[PDB]
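The structure appears right after this line, and notes come after that.
FYI, it's all coordinate maths here, none of it is from the lab. Positions of Cβ are generated from backbone atoms using ideal geometry, with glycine treated the same way; all protein chains shown enter the neighbour counts.
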Amino acid sequence: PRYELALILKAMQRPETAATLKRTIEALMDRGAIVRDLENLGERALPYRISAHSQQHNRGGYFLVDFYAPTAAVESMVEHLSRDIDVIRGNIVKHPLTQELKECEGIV
Amino acid sequence: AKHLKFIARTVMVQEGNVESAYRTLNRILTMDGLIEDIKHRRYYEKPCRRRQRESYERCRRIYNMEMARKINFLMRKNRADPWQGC
Amino acid sequence: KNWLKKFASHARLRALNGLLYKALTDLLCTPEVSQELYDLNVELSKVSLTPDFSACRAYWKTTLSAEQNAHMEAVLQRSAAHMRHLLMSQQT
Amino acid sequence: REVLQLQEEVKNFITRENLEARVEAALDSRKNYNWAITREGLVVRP
Amino acid sequence: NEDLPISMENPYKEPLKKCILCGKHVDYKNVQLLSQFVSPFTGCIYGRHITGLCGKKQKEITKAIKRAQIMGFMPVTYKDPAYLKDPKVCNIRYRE
Amino acid sequence: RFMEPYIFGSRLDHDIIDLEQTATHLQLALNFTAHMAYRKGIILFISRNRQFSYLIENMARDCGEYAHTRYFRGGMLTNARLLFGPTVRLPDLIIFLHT
Amino acid sequence: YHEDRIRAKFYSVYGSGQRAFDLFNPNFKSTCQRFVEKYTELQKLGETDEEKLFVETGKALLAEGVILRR
Amino acid sequence: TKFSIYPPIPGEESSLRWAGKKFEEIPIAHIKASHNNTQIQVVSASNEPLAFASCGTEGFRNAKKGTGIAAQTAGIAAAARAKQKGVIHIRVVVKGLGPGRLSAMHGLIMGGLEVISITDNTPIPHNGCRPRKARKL
Amino acid sequence: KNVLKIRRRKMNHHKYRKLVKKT
RNA sequence: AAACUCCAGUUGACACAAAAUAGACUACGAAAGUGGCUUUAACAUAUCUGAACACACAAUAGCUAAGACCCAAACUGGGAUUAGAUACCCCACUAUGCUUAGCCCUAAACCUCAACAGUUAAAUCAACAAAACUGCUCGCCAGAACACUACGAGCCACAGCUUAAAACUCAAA
Ligand code: FES
Ligand SMILES: [Mg+2]
Ligand SMILES: [Mg+2]
Ligand SMILES: [Mg+2]
Ligand SMILES: [Mg+2]
Ligand SMILES: [Mg+2]
Ligand SMILES: [Mg+2]
Ligand SMILES: [Mg+2]
Ligand SMILES: [Mg+2]
Ligand SMILES: [Mg+2]
Ligand SMILES: [Mg+2]
């Protein structure tokens, strides 16, 4: 189905961020994914302090990866994100656009 | 513990009015339910007792709202008698 | 429970007195009961329980003004039931 | 119409060839999902 | 006789009232919108008696807020100060 | 419920009383009243609507009949012998302007 | 009644007439009632397309000289 | 300029200053108001403990310790010991709903310190540990 | 409802449980 | 009063535990139950009824094994009170509450309303509960107590569960 990967990456310089993004997308493709688009939400202060890989983070880069993947890929990809040291936090959700916007007639 | 400090539940003082700021903080903590949470968490409330209490409070609020609406609707008739004598 | 019908239709004593004094003071310390009660700054002197535990008399210090005393008395009497409910809900 | 839309959409998917260029372009871009609502039910964009 | 009333649906029927978010998509990434329904001082989610939202959109906002908070998009214990100057849509006053 | 057969319809949640039936009912009522008055029967108007107590009393006095627009004490009719006397005569017809 | 539909549209487009109702007059004629009568006449002497009837009725009433602010 | 009840953001530059210092540089008075005791500690913005005074360290014992007067005395003493270290402005952070929640702040004000902001940091678990059973008194 | 039947059930059960413990 | 002072306060690091606010919502599931986030499976039946035992399930408590252990806590110690207090109050700490794999099969397991279909007309209708009924099916009931008992039988249960009497007694319950 269609999934969205919300990625909070280590606050790094441009070459390292580019390498990390390429590595993540390559993992997605290796797991059978068709990557649709990559969106950069920007570098920002984290809402709270996040401890990952024996390091404390207060700032991070927010990215979105839209893709289509088989259902078996997701779990595998999750494990991969657990091992990547440049990933503060990764989450794969069902793509919000795929969710249907049922119409409402108002308050009864 | 992991959040930024001096933003949550923080009040600034205006022209050295410390008491007004403290009372505003008390108002905020009560309106957000934090005071009630802290007081209720001193001892364990059993799930059945919790359910009964919430049911009672919901029904009491509904009943009070309906009674208030009834009185406000019937207060319109409360005026000076227009047919005095007859 | 069909609440609509219901709505429509001695050493120990000293310990309880002290406990209820502390509890009622701490309830009056905040707007937990109501903002109108909080703004009054009602101070309690003592709590006395009748020997048969049929009533809890909470003695509140009066002020010098008379209209303030009457307003305080009105608010307190109007808020007694909610205070009782809170005291049992907090399991004091 | 579903198939035609998907056909024209696939032309802008990230393949193994454009991965570097697309990553750089995304690094040189910013997307904003934030927007607020008013009491009248109107959207105010950032 | 032509003057008799005719069977008909009420033509003066007023449209059913709609919540402020009716017809609009609520996303966990739109932290600006989600922050309009939490307490500025504690970050607690407002009830529907305050937000005025219908049940469906109240549930949508609650789920989006929890998702954003756990995924590292939104703070938990306070409203992000960047959104303190947004339009006020909730019927609550702290007399602040 | 028992007033439904007499209702023409409901115009924007406001009932409309069918006047074609009102005409026949009023004809029968007025005929009965006229016949009772011809027979020299006692006619007692009753109404607790205070907006019209004065008007009803004036009308009753004018037509030489009787009115009761005031509080109805228990037993005017069922206990009339104790409350008026052993030989009181009760009304032959009562007209409710407000029931 | 049929004209209720027309009335509804009127009260939604031109709003409540600034002229006040006089219910004591048994033959009172509102702006909405004039619009209804003109609409019925245009329907009976012409075709049946509701929107065209609406605009034609508005034009005819404005020609008569009654103000109708949308 | 409209007074803002919300605190300044350390990131966003603001013009509010106290003795030339910013909000994030003022010392902090941490008050812990327990049910039987009140403990005040003044620390720097860099977490250097300057002064410390509780109701117990000021001689009060047992039930007298959990009173408003005891908290006032502790606040006065903490304010004195902090005044001996160059503190005039403080940001207050109270933790707990004990009797000395406000009396300790009163004592701090009466000892010479100026309060610019009040914060509440009472622990509220989102259902973590289970509390003890209610008393059968 | 008759609470005495519930009380009698309580007494009989408690009396029964004592006997099995004893013997 | 005991207890601790390897105590207490700020800061930082940090769960196999339970899940503020939303929820003033009343949703899901056969019921029991289910209220932190994500993802994958996934919520039978295009007549109805149909079982103490057949086939699957069943809160809490409890029993076997291994594991985890913050907090709470039957028991067990200490402190205080009391005429006595090994209860109530304070402190400490177990089985247990948690995970895995097996058992046990009980609740005011209650909406104290058996499942499906239909009606609102009648006299509405002992009472109260929760407006009164009709058709059809299954289950169950024929005074109280003896009795959630005895015996028999079945059961991973062995002070256990299901089924469940009679004798004596009474004019009531
Ligand atoms: S009223 Fe339509 S979505 Fe809320
Ligand atoms: Mg079946
Ligand atoms: Mg059978
Ligand atoms: Mg059974
Ligand atoms: Mg079980
Ligand atoms: Mg243990
Ligand atoms: Mg029940
Ligand atoms: Mg059945
Ligand atoms: Mg049993
Ligand atoms: Mg046997
Ligand atoms: Mg047995």
* Under 8 Å by Cβ, and 6 or more places apart or on different chains, what pairs join a residue from region C:61-76 that is more than 14 Å from C:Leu44 (Cα to Cα) with one that is in a helix (DSSP H, G or I) and not acidic (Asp, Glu)? -> C:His71/C:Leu40; C:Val75/C:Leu37; C:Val75/C:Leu40
* Counting only residues that are in a helix (DSSP H, G or I) and within 15 Å of ligand 1 (Cβ to nearest atom), how many does region E:26-35 have? -> 1
* To do: Could you check region H:1-101 for strands (runs of 3 or more DSSP E) lying wholly inside it with 3 or more residues that are away from chain E (no Cβ under 14 Å), more than 11 Å from RNA strand J (Cβ to nearest atom) and over 30 Å from A:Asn58 (Cα atoms)?
  => none
* To do: Determine whether region A:40-56 contains at least one residue that is over 18 Å from D:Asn32 (Cβ atoms), in contact with a strand residue (DSSP E or B) (Cβ under 7 Å, 6 or more places away or on another chain) and more than 10 Å from every other protein chain (Cβ to nearest Cβ).
  => yes
* Asked: Which strands (runs of 3 or more DSSP E) does region A:8-104 wholly contain that include 3 or more residues that are surrounded by fewer than 17 Cβ atoms within 10 Å (Cβ to Cβ) and more than 11 Å from the chain's Cα centre (by Cα)?
  -> A:34-52, A:55-68
* Structure fact -> Those residues of region G:22-59 which are over 11 Å from the mean Cα position of the chain (by Cα) and assigned to a loop (DSSP other than H, G, I, E, B) amount to G:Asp22, G:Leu23, G:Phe24, G:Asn25, G:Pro26, G:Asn27, G:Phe28, G:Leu45, G:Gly46, G:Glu47, G:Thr48, G:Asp49
* **Which numbered condition F:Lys40 fails, given (1) assigned to a loop (DSSP other than H, G, I, E, B); (2) closer than 30 Å to B:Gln84 by Cα** => (2)
* Asked: Are there any pairs with C-beta distances below 7 angstrom linking a residue in region D:18-45 that is over 16 Å from A:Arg23 (Cβ atoms) to a residue that is of a type in the set (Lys, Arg), with the two at least 6 apart or on different chains, and if so which?
  -> D:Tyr33/E:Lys29; D:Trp35/D:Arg45
* To do: Could you please find all residues in region E:11-41 being within 9 Å of RNA strand J (Cβ to nearest atom) and over 12 Å from E:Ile92 (Cβ atoms)?
  => E:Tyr28
* For E:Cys44, which of the numbered conditions (1) of a type outside the set (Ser, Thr, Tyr); (2) within 10 Å of RNA strand J (Cβ to nearest atom); (3) within 12 Å of chain A (Cβ to nearest Cβ); (4) in contact with an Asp or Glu (Cβ under 9 Å, 6 or more places away or on another chain) fails to hold? -> (3)
* Residues in region E:1-41 that are crowded, with 21+ Cβ neighbours inside 10 Å and away from chain A (no Cβ under 14 Å): how many? -> 5
* To do: Would you please name the residue that is nearest to E:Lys88 (Cα to Cα), looking only at residues in region E:12-25 that are within 10 Å of ligand 1 (Cβ to nearest atom) and in contact with a helix residue (DSSP H, G or I) (Cβ under 9 Å, 6 or more places away or on another chain)?
  => E:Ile20
* Keeping to region E:42-75, report how many residues are over 22 Å from E:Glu96 (Cβ atoms) and within 15 Å of ligand 1 (Cβ to nearest atom). => 13
* Per-region count, region G:1-33, residues buried (at least 16 other Cβ atoms within 10 Å of the Cβ) and more than 14 Å from chain E (Cβ to nearest Cβ) -> 4
* List the helices (runs of 4 or more DSSP H) that sit entirely inside chain C and contain at least 1 residues that are of a type in the set (S, T, N, Q). => C:11-28, C:35-40, C:66-89
* Asked: Quick one: in region H:117-130, which of the residues that are in a loop (DSSP other than H, G, I, E, B) and surrounded by 13 or more Cβ atoms within 10 Å (Cβ to Cβ) is nearest to ligand 1 (Cβ to nearest atom)?
  -> H:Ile124
* Asked: Which of the residues spanning region E:43-96 are buried (at least 21 other Cβ atoms within 10 Å of the Cβ), more than 11 Å from the chain's Cα centre (by Cα) and outside any loop (DSSP other than H, G, I, E, B)?
  -> E:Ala64, E:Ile65, E:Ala68, E:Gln69
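Which members of region H:1-23 meet the condition of being surrounded by fewer than 17 Cβ atoms within 10 Å (Cβ to Cβ) and under 20 Å from B:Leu25 (Cβ atoms)?
H:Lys2, H:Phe3, H:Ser4, H:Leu16, H:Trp18
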* Could you count how many residues in region C:36-60 are under 15 Å from the mean Cα position of the chain (by Cα) and over 20 Å from C:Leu19 (Cβ atoms)? -> 5
* To do: Could you tell me whether region E:72-84 includes any residue that is near RNA strand J (Cβ under 10 Å from one of its atoms) and touching a helix residue (DSSP H, G or I) at 6+ places or on another chain (Cβ under 7 Å)?
  => yes
* **Conditions (1) more than 14 Å from chain E (Cβ to nearest Cβ); (2) in contact with a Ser or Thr (Cβ under 8 Å, 6 or more places away or on another chain); (3) closer than 21 Å to D:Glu24 by Cβ: number failed by A:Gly61** => (1)
* Structure fact -> Taking first residues from region B:1-25 that are facing chain E (nearest Cβ under 10 Å) and second residues anywhere that are within 13 Å of RNA strand J (Cβ to nearest atom) and among the small types (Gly, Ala, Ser), the pairs with Cβ under 9 Å that are 6 or more apart or on different chains are B:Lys2/A:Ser51; B:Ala8/E:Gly43
* To do: Answer with yes or no whether A:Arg23 is closer than 16 Å to D:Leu27 by Cβ, charged (D, E, K, R) and more than 11 Å from chain E (Cβ to nearest Cβ).
  => yes
* To do: Name, by its number, the condition in (1) surrounded by 13 or more Cβ atoms within 10 Å (Cβ to Cβ); (2) under 29 Å from E:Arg95 (Cα atoms) that does not hold for H:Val43.
  => (2)
* Asked: Within region B:58-72, is there a residue that is facing another protein chain (nearest Cβ under 9 Å) and at positive phi?
  -> no
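Would you call A:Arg89 in contact with a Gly (Cβ under 9 Å, 6 or more places away or on another chain), within 14 Å of chain E (Cβ to nearest Cβ) and within 12 Å of RNA strand J (Cβ to nearest atom)?
yes
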